[PDB]
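J.: Next up, entry_10.json (JSON, C-alpha atoms and all ligand atoms).
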[["chain", "number", "residue", "atom", "x", "y", "z"],
["A", 1, "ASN", "CA", -32.86, -1.15, 84.45],
["A", 2, "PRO", "CA", -35.38, -3.74, 82.95],
["A", 3, "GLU", "CA", -35.07, -2.64, 79.26],
["A", 4, "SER", "CA", -31.30, -2.07, 79.48],
["A", 5, "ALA", "CA", -30.97, -5.62, 80.80],
["A", 6, "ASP", "CA", -32.64, -7.13, 77.69],
["A", 7, "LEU", "CA", -30.33, -5.07, 75.44],
["A", 8, "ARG", "CA", -27.30, -6.28, 77.42],
["A", 9, "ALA", "CA", -28.59, -9.83, 76.97],
["A", 10, "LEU", "CA", -28.83, -9.29, 73.17],
["A", 11, "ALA", "CA", -25.28, -7.89, 73.07],
["A", 12, "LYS", "CA", -23.89, -10.95, 74.86],
["A", 13, "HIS", "CA", -25.87, -13.48, 72.80],
["A", 14, "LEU", "CA", -24.57, -11.77, 69.66],
["A", 15, "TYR", "CA", -20.96, -11.75, 70.92],
["A", 16, "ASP", "CA", -21.19, -15.47, 71.70],
["A", 17, "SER", "CA", -22.51, -16.39, 68.28],
["A", 18, "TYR", "CA", -19.96, -14.05, 66.62],
["A", 19, "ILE", "CA", -17.16, -15.89, 68.41],
["A", 20, "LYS", "CA", -18.51, -19.28, 67.29],
["A", 21, "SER", "CA", -19.22, -18.11, 63.70],
["A", 22, "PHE", "CA", -16.04, -16.32, 62.71],
["A", 23, "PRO", "CA", -12.61, -18.01, 62.96],
["A", 24, "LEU", "CA", -10.27, -15.05, 63.54],
["A", 25, "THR", "CA", -11.41, -12.37, 66.02],
["A", 26, "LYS", "CA", -10.22, -8.78, 65.95],
["A", 27, "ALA", "CA", -8.53, -9.50, 69.34],
["A", 28, "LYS", "CA", -6.29, -12.25, 67.93],
["A", 29, "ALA", "CA", -5.60, -10.32, 64.68],
["A", 30, "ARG", "CA", -4.34, -7.31, 66.61],
["A", 31, "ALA", "CA", -2.18, -9.50, 68.85],
["A", 32, "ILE", "CA", -0.76, -11.06, 65.65],
["A", 33, "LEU", "CA", -0.25, -7.65, 63.99],
["A", 34, "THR", "CA", 1.39, -5.86, 66.94],
["A", 35, "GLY", "CA", 3.81, -8.68, 67.74],
["A", 36, "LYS", "CA", 2.18, -9.12, 71.17],
["A", 37, "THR", "CA", 1.73, -12.94, 71.00],
["A", 38, "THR", "CA", 3.26, -16.40, 71.65],
["A", 39, "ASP", "CA", 2.37, -17.62, 68.10],
["A", 40, "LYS", "CA", 4.86, -17.83, 65.20],
["A", 41, "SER", "CA", 4.84, -14.48, 63.31],
["A", 42, "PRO", "CA", 3.04, -14.61, 59.90],
["A", 43, "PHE", "CA", 4.88, -15.42, 56.66],
["A", 44, "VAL", "CA", 5.21, -12.15, 54.75],
["A", 45, "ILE", "CA", 4.19, -11.97, 51.09],
["A", 46, "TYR", "CA", 5.54, -9.03, 49.17],
["A", 47, "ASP", "CA", 6.24, -10.30, 45.62],
["A", 48, "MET", "CA", 5.63, -13.19, 43.15],
["A", 49, "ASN", "CA", 8.48, -15.20, 44.71],
["A", 50, "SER", "CA", 7.37, -14.79, 48.33],
["A", 51, "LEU", "CA", 3.76, -15.77, 47.36],
["A", 52, "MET", "CA", 5.02, -18.98, 45.80],
["A", 53, "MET", "CA", 7.26, -19.80, 48.76],
["A", 54, "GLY", "CA", 4.46, -19.00, 51.21],
["A", 55, "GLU", "CA", 1.67, -20.94, 49.41],
["A", 56, "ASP", "CA", 2.76, -24.06, 51.32],
["A", 57, "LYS", "CA", 2.10, -22.42, 54.74],
["A", 58, "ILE", "CA", -1.29, -20.71, 54.12],
["A", 59, "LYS", "CA", -3.90, -23.11, 55.55],
["A", 60, "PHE", "CA", -7.52, -22.07, 56.29],
["A", 61, "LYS", "CA", -9.58, -24.39, 58.61],
["A", 62, "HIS", "CA", -7.16, -27.28, 57.78],
["A", 63, "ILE", "CA", -7.64, -26.78, 53.97],
["A", 64, "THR", "CA", -4.35, -26.93, 52.02],
["A", 65, "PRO", "CA", -4.07, -24.84, 48.80],
["A", 66, "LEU", "CA", -3.80, -26.58, 45.43],
["A", 67, "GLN", "CA", -0.23, -26.84, 44.07],
["A", 68, "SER", "CA", 0.33, -22.62, 37.09],
["A", 69, "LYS", "CA", -1.15, -19.07, 37.03],
["A", 70, "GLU", "CA", 0.17, -15.48, 37.08],
["A", 71, "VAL", "CA", 0.52, -13.75, 40.46],
["A", 72, "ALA", "CA", -2.53, -11.47, 40.11],
["A", 73, "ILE", "CA", -4.92, -14.31, 39.25],
["A", 74, "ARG", "CA", -3.65, -16.65, 41.95],
["A", 75, "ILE", "CA", -4.13, -13.84, 44.54],
["A", 76, "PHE", "CA", -7.68, -13.35, 43.30],
["A", 77, "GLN", "CA", -8.56, -17.11, 43.49],
["A", 78, "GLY", "CA", -7.40, -17.10, 47.13],
["A", 79, "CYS", "CA", -9.35, -14.02, 48.14],
["A", 80, "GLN", "CA", -12.31, -15.67, 46.35],
["A", 81, "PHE", "CA", -12.05, -18.91, 48.41],
["A", 82, "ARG", "CA", -11.90, -16.89, 51.62],
["A", 83, "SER", "CA", -14.89, -14.76, 50.57],
["A", 84, "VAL", "CA", -17.04, -17.81, 49.94],
["A", 85, "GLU", "CA", -16.21, -19.12, 53.39],
["A", 86, "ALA", "CA", -16.96, -15.64, 54.87],
["A", 87, "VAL", "CA", -20.40, -15.65, 53.15],
["A", 88, "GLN", "CA", -21.05, -18.97, 54.82],
["A", 89, "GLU", "CA", -19.82, -17.73, 58.24],
["A", 90, "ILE", "CA", -21.95, -14.55, 57.93],
["A", 91, "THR", "CA", -25.03, -16.68, 57.00],
["A", 92, "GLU", "CA", -24.60, -18.81, 60.11],
["A", 93, "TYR", "CA", -24.18, -15.63, 62.13],
["A", 94, "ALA", "CA", -27.34, -14.03, 60.61],
["A", 95, "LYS", "CA", -29.38, -17.09, 61.72],
["A", 96, "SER", "CA", -28.35, -16.45, 65.33],
["A", 97, "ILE", "CA", -29.82, -12.88, 65.17],
["A", 98, "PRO", "CA", -33.11, -13.16, 67.16],
["A", 99, "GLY", "CA", -36.10, -12.90, 64.79],
["A", 100, "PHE", "CA", -34.02, -13.21, 61.58],
["A", 101, "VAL", "CA", -34.99, -16.84, 60.79],
["A", 102, "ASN", "CA", -38.72, -16.00, 61.30],
["A", 103, "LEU", "CA", -38.52, -13.47, 58.43],
["A", 104, "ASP", "CA", -39.70, -14.34, 54.94],
["A", 105, "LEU", "CA", -37.00, -16.56, 53.39],
["A", 106, "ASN", "CA", -36.85, -14.38, 50.29],
["A", 107, "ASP", "CA", -36.05, -11.43, 52.56],
["A", 108, "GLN", "CA", -33.37, -13.38, 54.51],
["A", 109, "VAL", "CA", -31.83, -13.95, 51.06],
["A", 110, "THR", "CA", -32.05, -10.32, 50.11],
["A", 111, "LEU", "CA", -30.60, -9.08, 53.44],
["A", 112, "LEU", "CA", -27.58, -11.40, 53.05],
["A", 113, "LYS", "CA", -27.18, -10.61, 49.39],
["A", 114, "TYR", "CA", -26.72, -6.88, 50.12],
["A", 115, "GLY", "CA", -25.18, -7.26, 53.61],
["A", 116, "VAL", "CA", -22.27, -9.61, 52.98],
["A", 117, "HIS", "CA", -19.94, -7.15, 51.21],
["A", 118, "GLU", "CA", -20.47, -4.50, 53.82],
["A", 119, "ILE", "CA", -19.59, -6.98, 56.55],
["A", 120, "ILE", "CA", -16.64, -8.42, 54.65],
["A", 121, "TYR", "CA", -15.21, -4.88, 54.41],
["A", 122, "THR", "CA", -15.86, -4.31, 58.12],
["A", 123, "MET", "CA", -14.12, -7.55, 59.06],
["A", 124, "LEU", "CA", -11.20, -6.95, 56.66],
["A", 125, "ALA", "CA", -10.51, -3.80, 58.68],
["A", 126, "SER", "CA", -9.75, -5.96, 61.71],
["A", 127, "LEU", "CA", -7.00, -7.70, 59.74],
["A", 128, "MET", "CA", -5.47, -4.63, 58.19],
["A", 129, "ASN", "CA", -3.03, -1.89, 59.00],
["A", 130, "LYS", "CA", -1.21, 0.75, 56.93],
["A", 131, "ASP", "CA", 1.45, -1.92, 55.97],
["A", 132, "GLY", "CA", -0.87, -4.73, 54.79],
["A", 133, "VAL", "CA", -3.39, -7.43, 55.54],
["A", 134, "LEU", "CA", -3.36, -10.69, 57.42],
["A", 135, "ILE", "CA", -4.55, -13.67, 55.46],
["A", 136, "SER", "CA", -5.73, -17.20, 56.05],
["A", 137, "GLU", "CA", -6.24, -17.15, 59.87],
["A", 138, "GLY", "CA", -3.12, -14.99, 60.33],
["A", 139, "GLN", "CA", -0.49, -17.37, 58.98],
["A", 140, "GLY", "CA", 0.25, -14.91, 56.16],
["A", 141, "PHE", "CA", 0.59, -11.18, 55.79],
["A", 142, "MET", "CA", 0.26, -9.61, 52.42],
["A", 143, "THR", "CA", 1.82, -6.19, 51.98],
["A", 144, "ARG", "CA", -0.32, -3.34, 50.73],
["A", 145, "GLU", "CA", 2.51, -2.23, 48.50],
["A", 146, "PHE", "CA", 2.57, -5.69, 46.90],
["A", 147, "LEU", "CA", -1.24, -5.74, 46.31],
["A", 148, "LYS", "CA", -1.08, -2.17, 44.87],
["A", 149, "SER", "CA", 1.76, -3.38, 42.58],
["A", 150, "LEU", "CA", -0.41, -5.94, 40.75],
["A", 151, "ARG", "CA", -1.37, -5.38, 37.08],
["A", 152, "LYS", "CA", -4.72, -3.64, 36.47],
["A", 153, "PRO", "CA", -7.56, -3.98, 37.28],
["A", 154, "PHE", "CA", -6.26, -6.03, 40.26],
["A", 155, "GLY", "CA", -3.95, -3.27, 41.60],
["A", 156, "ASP", "CA", -6.95, -1.02, 42.52],
["A", 157, "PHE", "CA", -8.99, -3.83, 44.08],
["A", 158, "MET", "CA", -7.63, -3.88, 47.67],
["A", 159, "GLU", "CA", -6.54, -0.19, 47.97],
["A", 160, "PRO", "CA", -10.04, 1.27, 48.85],
["A", 161, "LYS", "CA", -10.47, -1.46, 51.52],
["A", 162, "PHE", "CA", -7.18, -0.25, 53.04],
["A", 163, "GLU", "CA", -8.34, 3.40, 52.85],
["A", 164, "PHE", "CA", -11.63, 2.57, 54.60],
["A", 165, "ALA", "CA", -9.88, 0.37, 57.17],
["A", 166, "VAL", "CA", -7.40, 3.02, 58.43],
["A", 167, "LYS", "CA", -10.32, 5.40, 59.10],
["A", 168, "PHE", "CA", -12.60, 2.65, 60.63],
["A", 169, "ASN", "CA", -9.85, 1.25, 62.78],
["A", 170, "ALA", "CA", -9.53, 4.72, 64.41],
["A", 171, "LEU", "CA", -12.82, 4.05, 66.25],
["A", 172, "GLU", "CA", -11.03, 1.28, 68.15],
["A", 173, "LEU", "CA", -14.03, -1.01, 68.23],
["A", 174, "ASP", "CA", -13.66, -4.43, 69.73],
["A", 175, "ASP", "CA", -15.32, -7.81, 69.05],
["A", 176, "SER", "CA", -18.29, -7.28, 71.40],
["A", 177, "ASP", "CA", -19.01, -4.02, 69.61],
["A", 178, "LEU", "CA", -18.47, -5.40, 66.09],
["A", 179, "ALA", "CA", -20.82, -8.30, 66.76],
["A", 180, "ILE", "CA", -23.69, -5.87, 67.26],
["A", 181, "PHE", "CA", -22.67, -3.53, 64.41],
["A", 182, "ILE", "CA", -22.60, -6.47, 61.95],
["A", 183, "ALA", "CA", -26.15, -7.48, 62.98],
["A", 184, "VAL", "CA", -27.30, -3.86, 62.40],
["A", 185, "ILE", "CA", -25.83, -3.93, 58.90],
["A", 186, "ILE", "CA", -27.63, -7.21, 58.11],
["A", 187, "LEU", "CA", -31.08, -6.01, 59.31],
["A", 188, "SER", "CA", -31.23, -3.02, 56.91],
["A", 189, "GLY", "CA", -34.85, -2.26, 55.93],
["A", 190, "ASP", "CA", -33.92, -0.23, 52.85],
["A", 191, "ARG", "CA", -32.31, -3.02, 50.76],
["A", 192, "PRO", "CA", -33.88, -3.03, 47.32],
["A", 193, "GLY", "CA", -36.50, -5.68, 46.72],
["A", 194, "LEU", "CA", -37.59, -6.40, 50.26],
["A", 195, "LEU", "CA", -41.18, -7.75, 50.61],
["A", 196, "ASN", "CA", -41.95, -6.99, 54.24],
["A", 197, "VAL", "CA", -39.83, -4.17, 55.73],
["A", 198, "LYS", "CA", -41.60, -3.81, 59.10],
["A", 199, "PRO", "CA", -40.37, -6.86, 61.05],
["A", 200, "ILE", "CA", -36.84, -6.05, 59.63],
["A", 201, "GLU", "CA", -36.94, -2.49, 60.97],
["A", 202, "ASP", "CA", -38.28, -3.71, 64.35],
["A", 203, "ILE", "CA", -35.32, -6.04, 64.76],
["A", 204, "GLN", "CA", -32.88, -3.34, 63.62],
["A", 205, "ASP", "CA", -34.29, -0.83, 66.12],
["A", 206, "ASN", "CA", -33.55, -3.21, 69.02],
["A", 207, "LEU", "CA", -30.10, -3.98, 67.61],
["A", 208, "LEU", "CA", -29.37, -0.23, 67.26],
["A", 209, "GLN", "CA", -30.37, 0.39, 70.93],
["A", 210, "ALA", "CA", -28.21, -2.60, 71.91],
["A", 211, "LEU", "CA", -25.36, -1.07, 69.92],
["A", 212, "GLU", "CA", -25.81, 2.33, 71.51],
["A", 213, "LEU", "CA", -25.89, 0.90, 75.05],
["A", 214, "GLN", "CA", -22.84, -1.28, 74.20],
["A", 215, "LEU", "CA", -20.81, 1.69, 73.00],
["A", 216, "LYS", "CA", -21.71, 3.75, 76.12],
["A", 217, "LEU", "CA", -20.70, 0.93, 78.50],
["A", 218, "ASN", "CA", -17.64, -0.37, 76.63],
["A", 219, "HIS", "CA", -16.22, 3.08, 75.58],
["A", 220, "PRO", "CA", -17.48, 5.52, 78.35],
["A", 221, "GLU", "CA", -14.69, 8.00, 77.51],
["A", 222, "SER", "CA", -15.63, 7.95, 73.74],
["A", 223, "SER", "CA", -18.03, 10.81, 73.02],
["A", 224, "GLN", "CA", -20.71, 9.78, 70.42],
["A", 225, "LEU", "CA", -18.85, 6.75, 69.05],
["A", 226, "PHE", "CA", -22.38, 5.48, 68.18],
["A", 227, "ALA", "CA", -22.99, 8.45, 65.83],
["A", 228, "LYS", "CA", -19.54, 8.13, 64.23],
["A", 229, "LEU", "CA", -20.06, 4.46, 63.55],
["A", 230, "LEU", "CA", -23.45, 5.09, 61.93],
["A", 231, "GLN", "CA", -21.82, 7.68, 59.64],
["A", 232, "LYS", "CA", -19.21, 5.02, 58.54],
["A", 233, "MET", "CA", -21.97, 2.46, 57.78],
["A", 234, "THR", "CA", -23.37, 4.91, 55.19],
["A", 235, "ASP", "CA", -19.91, 5.62, 53.63],
["A", 236, "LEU", "CA", -19.44, 1.87, 53.36],
["A", 237, "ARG", "CA", -22.43, 1.31, 50.99],
["A", 238, "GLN", "CA", -20.88, 3.71, 48.42],
["A", 239, "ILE", "CA", -17.62, 1.78, 48.72],
["A", 240, "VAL", "CA", -19.35, -1.57, 48.13],
["A", 241, "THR", "CA", -20.86, 0.00, 45.00],
["A", 242, "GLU", "CA", -17.38, 0.88, 43.63],
["A", 243, "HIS", "CA", -16.20, -2.67, 44.33],
["A", 244, "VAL", "CA", -19.12, -4.35, 42.61],
["A", 245, "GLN", "CA", -18.35, -2.11, 39.58],
["A", 246, "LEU", "CA", -14.73, -3.26, 39.58],
["A", 247, "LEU", "CA", -15.87, -6.91, 39.55],
["A", 248, "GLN", "CA", -18.19, -6.20, 36.62],
["A", 249, "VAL", "CA", -15.02, -5.06, 34.81],
["A", 250, "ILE", "CA", -12.96, -8.07, 35.96],
["A", 251, "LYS", "CA", -15.65, -10.56, 34.92],
["A", 252, "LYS", "CA", -15.83, -9.14, 31.38],
["A", 253, "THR", "CA", -12.13, -8.29, 30.82],
["A", 254, "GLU", "CA", -10.41, -11.33, 32.45],
["A", 255, "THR", "CA", -11.65, -14.55, 30.85],
["A", 256, "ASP", "CA", -8.93, -16.77, 32.46],
["A", 257, "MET", "CA", -10.77, -16.51, 35.80],
["A", 258, "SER", "CA", -13.76, -18.48, 37.07],
["A", 259, "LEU", "CA", -15.94, -16.48, 39.43],
["A", 260, "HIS", "CA", -17.41, -18.83, 42.03],
["A", 261, "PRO", "CA", -21.20, -19.54, 41.76],
["A", 262, "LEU", "CA", -22.11, -18.29, 45.29],
["A", 263, "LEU", "CA", -20.40, -15.01, 44.45],
["A", 264, "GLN", "CA", -22.26, -14.84, 41.07],
["A", 265, "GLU", "CA", -25.60, -15.15, 42.97],
["A", 266, "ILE", "CA", -24.59, -12.22, 45.19],
["A", 267, "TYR", "CA", -23.12, -9.91, 42.47],
["A", 268, "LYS", "CA", -25.96, -10.50, 39.97],
["A", 269, "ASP", "CA", -28.40, -7.55, 39.83],
["A", 270, "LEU", "CA", -26.51, -5.69, 42.55],
["A", 271, "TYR", "CA", -26.13, -1.95, 41.91],
["B", 1, "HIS", "CA", -30.22, -17.46, 44.75],
["B", 2, "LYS", "CA", -30.29, -21.26, 44.97],
["B", 3, "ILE", "CA", -27.08, -21.58, 47.05],
["B", 4, "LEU", "CA", -27.98, -18.74, 49.41],
["B", 5, "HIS", "CA", -31.38, -20.44, 49.83],
["B", 6, "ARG", "CA", -29.66, -23.76, 50.49],
["B", 7, "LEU", "CA", -27.29, -22.18, 53.06],
["B", 8, "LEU", "CA", -30.28, -20.48, 54.73],
["B", 9, "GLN", "CA", -32.38, -23.69, 54.96],
["B", 10, "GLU", "CA", -29.28, -25.65, 56.10],
["C", 1, "LIG", "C1", -4.04, -15.22, 48.40],
["C", 1, "LIG", "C2", -4.47, -16.34, 49.35],
["C", 1, "LIG", "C3", -4.11, -17.60, 49.20],
["C", 1, "LIG", "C4", -3.21, -18.12, 48.06],
["C", 1, "LIG", "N1", -4.69, -18.31, 50.19],
["C", 1, "LIG", "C5", -4.60, -19.78, 50.52],
["C", 1, "LIG", "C6", -5.51, -20.62, 49.90],
["C", 1, "LIG", "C7", -5.72, -21.86, 50.51],
["C", 1, "LIG", "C8", -6.59, -22.75, 49.90],
["C", 1, "LIG", "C9", -7.24, -22.41, 48.70],
["C", 1, "LIG", "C10", -8.14, -23.31, 48.10],
["C", 1, "LIG", "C11", -9.14, -23.85, 48.93],
["C", 1, "LIG", "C12", -10.08, -24.74, 48.43],
["C", 1, "LIG", "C13", -10.04, -25.10, 47.07],
["C", 1, "LIG", "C14", -9.06, -24.58, 46.21],
["C", 1, "LIG", "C15", -8.11, -23.68, 46.71],
["C", 1, "LIG", "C16", -7.14, -23.22, 45.82],
["C", 1, "LIG", "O1", -5.93, -23.45, 46.09],
["C", 1, "LIG", "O2", -7.46, -22.59, 44.79],
["C", 1, "LIG", "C17", -7.04, -21.15, 48.10],
["C", 1, "LIG", "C18", -6.16, -20.27, 48.69],
["C", 1, "LIG", "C19", -5.42, -17.49, 50.94],
["C", 1, "LIG", "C20", -6.17, -17.73, 52.03],
["C", 1, "LIG", "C21", -6.82, -16.67, 52.64],
["C", 1, "LIG", "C22", -6.70, -15.40, 52.09],
["C", 1, "LIG", "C23", -7.30, -14.32, 52.73],
["C", 1, "LIG", "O3", -7.55, -14.41, 53.94],
["C", 1, "LIG", "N2", -7.40, -13.16, 52.04],
["C", 1, "LIG", "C24", -7.84, -11.90, 52.65],
["C", 1, "LIG", "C25", -7.42, -10.72, 51.73],
["C", 1, "LIG", "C26", -9.23, -11.94, 52.93],
["C", 1, "LIG", "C27", -10.18, -11.89, 51.91],
["C", 1, "LIG", "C28", -11.53, -11.94, 52.22],
["C", 1, "LIG", "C29", -11.94, -12.04, 53.55],
["C", 1, "LIG", "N3", -13.24, -12.12, 53.86],
["C", 1, "LIG", "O4", -13.74, -11.97, 55.33],
["C", 1, "LIG", "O5", -14.10, -12.38, 52.94],
["C", 1, "LIG", "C30", -10.99, -12.11, 54.58],
["C", 1, "LIG", "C31", -9.64, -12.06, 54.26],
["C", 1, "LIG", "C32", -5.86, -15.22, 50.96],
["C", 1, "LIG", "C33", -5.26, -16.25, 50.42]]
Could you write out this file's structure as C-alpha cells?

T.:
Amino acid sequence: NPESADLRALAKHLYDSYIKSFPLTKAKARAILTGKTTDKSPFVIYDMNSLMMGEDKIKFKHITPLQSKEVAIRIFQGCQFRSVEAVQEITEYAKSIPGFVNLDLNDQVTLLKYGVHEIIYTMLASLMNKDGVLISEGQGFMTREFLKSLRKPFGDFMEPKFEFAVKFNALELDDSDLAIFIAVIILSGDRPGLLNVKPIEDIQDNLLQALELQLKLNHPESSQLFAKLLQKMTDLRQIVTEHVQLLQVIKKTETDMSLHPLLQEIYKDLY
Amino acid sequence: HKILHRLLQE
C-alpha cells in the first residue's frame, strides 16, 4: 500500500547507508565465523604469545598497529582504537537518518552520546559467538576464554557483551534488519538532557513502523520478533550502565592507560 | 562535546 511503500523506502535507504558506513557486515562476519568463505581464516589469539605473534596481521582500514605493555593494557588500547572508529562510523550513519541532521545540534550530540554504546554492543554481537570475537575486520579472532583470563578489572570487561550477544544472536537478525534497529536506538526521545523531544519521537515512530514492517516481511515465520527485539533494547541500556561503571573504575585504578578524548566526551556525565 | 560537535558538523 501507499504508507507501507514509504516505510519500505526508509528500510532500503537505511540499509544502503549502513553498508557504506560500517566496514564489516553481519553477513561477512558470519561467513568468516562459520568457515563458509574463500578468505583466509582469522589468526586466533588465545594468550600473551599469540597476541604478540598476531599483532603484525591485525590491520583495520589499512592502519598498521604500533610495534612494550602488558597483555591486558595492549588489548584495551586496541579495543579503544576500534571504538573511536566505530563512534565515527555511527556518526556518519546517524547523519543519513532522514530528519536527524535537521534536529538541534545539541540534541544530535546528546543522541549520539547515549546511543553509541548501545549500538557498539549490538554490532559486537554480529562478531561474536560462544567461543570468542572477531577483531579488526575479521583478520583476528580473540577467544572468550583468553579475554576472561585477563587480570582484573579487564577480565570482566568483555564477558557481559558475550552474555548479551548469545541471547541477541538467537533472534537471527540480518543487516537489513539491524540497520533499522540501530536507527531506532539512536532516535530515543528519553535520553537525559534533550531540549526538543517531539521531532525526535516523530522520527523514531516512523523508524519503529519501518522496523516492524521489515521484521514481518524478512522473517514471516518469526512470531513477534519485533516485540522480542524491543525487549532486548531495554535490557541493553542496563548493560551499558554496568559497562560505564567498569570504565569509571578502570580510569581511576589504572593510571598507565590513556583514555582517548572522544571516549572521555562520551563517558563524562553518563549514568 | 567539542569532538562530537566537530564530527557532526563535518
Ligand atoms: C586488540 C586489538 C588490536 C591489538 N588491534 C589492532 C590494532 C591496530 C592498530 C592500532 C592503532 C591504530 C592507530 C593508532 C595506534 C594504534 C596502536 O597500535 O595503538 C591499535 C590496534 C585491534 C583491532 C581491532 C580490534 C577489535 O576489533 N576489537 C573488538 C573487540 C571490537 C571492539 C569494539 C568494536 N566496536 O564496534 O566499537 C568492534 C570490535 C581489536 C584489536

J.: Can you write out as a tab-separated table which residues of chain B fall within 7 Å of chain A, alongside each residue's closest atom pair and its distance in Å to one decimal, counting all atoms listed in the file and ordering rows by chain and ascending residue number?

T.:
residue	atom	partner	partner_atom	distance
B:1	CA	A:265	CA	5.5
B:3	CA	A:262	CA	6.2
B:4	CA	A:109	CA	6.4
B:5	CA	A:109	CA	6.6
B:8	CA	A:91	CA	6.9

J.: Once you have the residues from the selection above, write them out as an mmCIF file, in the coordinates of the input, restricted to C-alpha atoms.

T.:
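Wrote it out as part-v3.cif, contents follow:
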data_model
loop_
_atom_site.group_PDB
_atom_site.id
_atom_site.type_symbol
_atom_site.label_atom_id
_atom_site.label_comp_id
_atom_site.auth_asym_id
_atom_site.auth_seq_id
_atom_site.Cartn_x
_atom_site.Cartn_y
_atom_site.Cartn_z
ATOM 1 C CA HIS B 1 -30.220 -17.460 44.750
ATOM 2 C CA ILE B 3 -27.080 -21.580 47.050
ATOM 3 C CA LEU B 4 -27.980 -18.740 49.410
ATOM 4 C CA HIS B 5 -31.380 -20.440 49.830
ATOM 5 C CA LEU B 8 -30.280 -20.480 54.730
#

J.: Mind listing the residues within 6 Å of ligand LIG 1 (chain C), only C-alpha atoms and all ligand atoms counted, as a list in words?

T.: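 With only C-alpha atoms and all ligand atoms and a cut-off of 6 Å, ligand LIG 1 (chain C) is contacted by residues 55, 58, 59, 63, 64, 65, 66, 75, 77, 78, 79, 81, 82, 83, 86, 120, 123, 124, 135 and 136 of chain A.
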
J.: Interatomic distance between atom CA of residue A:7 and atom CA of residue A:28?

T.: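 Taking atom CA of residue A:7 and atom CA of residue A:28, their separation equals 26.2 Å.
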
J.: Report the distance between atom CA of residue A:180 and atom CA of residue A:247 in Å, rounded to one decimal place.

T.: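 Separation between atom CA of residue A:180 and atom CA of residue A:247: 28.8 Å.
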
J.: Would you work out the distance separating atom CA of residue A:204 from atom CA of residue A:188, expressed in Å to one decimal?

T.: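 Those two atoms sit 6.9 Å apart.
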
J.: Tell me which of A:125, A:217, A:14, A:233 sits closest to residue A:166, counting all atoms listed in the file.

T.: A:125

J.: Looking at all atoms listed in the file, which of A:228, A:150, A:99, A:68 is the one that sits closest to residue A:169?

T.: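 For residue A:169, the nearest of the candidates is A:228.
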
J.: List the spatial neighbours of stretch 193-197 of chain A as JSON, numbers by chain - criterion: any atom at most 6 Å away, all atoms listed in the file, same-chain residues fewer than 3 positions off excluded.

T.: {"A": [107, 189, 200]}

J.: Could you tell me, as an MDAnalysis selection string, which residues have any atom at most 10 Å from (-29.6, -7.7, 74.3), counting only C-alpha atoms?

T.: chainID A and resid 3:14 98 180 206:207 209:211 213:214

J.: Complete stretch 167-178 of chain A with N, CA, C and O atoms (output as a compact mmCIF listing (two decimals), in the frame of the given file).

T.:
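Generated output (out_27.txt):
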# COMPACT_ATOMS: atom_id res chain seq x y z
N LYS A 167 -9.26 4.59 58.48
CA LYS A 167 -10.32 5.40 59.10
C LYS A 167 -11.24 4.65 60.10
O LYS A 167 -11.50 5.18 61.19
N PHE A 168 -11.67 3.42 59.77
CA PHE A 168 -12.60 2.65 60.63
C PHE A 168 -11.90 2.12 61.86
O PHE A 168 -12.50 1.96 62.98
N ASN A 169 -10.64 1.78 61.67
CA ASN A 169 -9.85 1.25 62.78
C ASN A 169 -9.56 2.28 63.89
O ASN A 169 -9.35 1.89 65.03
N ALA A 170 -9.54 3.55 63.51
CA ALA A 170 -9.53 4.72 64.41
C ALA A 170 -10.59 4.70 65.52
O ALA A 170 -10.35 5.27 66.60
N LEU A 171 -11.74 4.08 65.27
CA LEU A 171 -12.82 4.05 66.25
C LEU A 171 -12.54 3.03 67.34
O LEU A 171 -13.23 3.03 68.38
N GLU A 172 -11.57 2.14 67.11
CA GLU A 172 -11.03 1.28 68.15
C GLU A 172 -12.08 0.34 68.72
O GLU A 172 -12.09 0.01 69.91
N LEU A 173 -12.94 -0.15 67.83
CA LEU A 173 -14.03 -1.01 68.23
C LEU A 173 -13.43 -2.34 68.55
O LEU A 173 -12.41 -2.70 67.98
N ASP A 174 -14.05 -3.07 69.45
CA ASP A 174 -13.66 -4.43 69.73
C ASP A 174 -14.70 -5.46 69.26
O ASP A 174 -15.70 -5.10 68.67
N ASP A 175 -14.47 -6.74 69.54
CA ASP A 175 -15.32 -7.81 69.05
C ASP A 175 -16.78 -7.79 69.54
O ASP A 175 -17.71 -8.12 68.78
N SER A 176 -16.96 -7.43 70.80
CA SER A 176 -18.29 -7.28 71.40
C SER A 176 -19.08 -6.16 70.73
O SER A 176 -20.29 -6.27 70.54
N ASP A 177 -18.39 -5.10 70.34
CA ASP A 177 -19.01 -4.02 69.61
C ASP A 177 -19.34 -4.44 68.18
O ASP A 177 -20.43 -4.13 67.67
N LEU A 178 -18.37 -5.08 67.52
CA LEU A 178 -18.47 -5.40 66.09
C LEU A 178 -19.59 -6.37 65.84
O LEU A 178 -20.29 -6.23 64.85
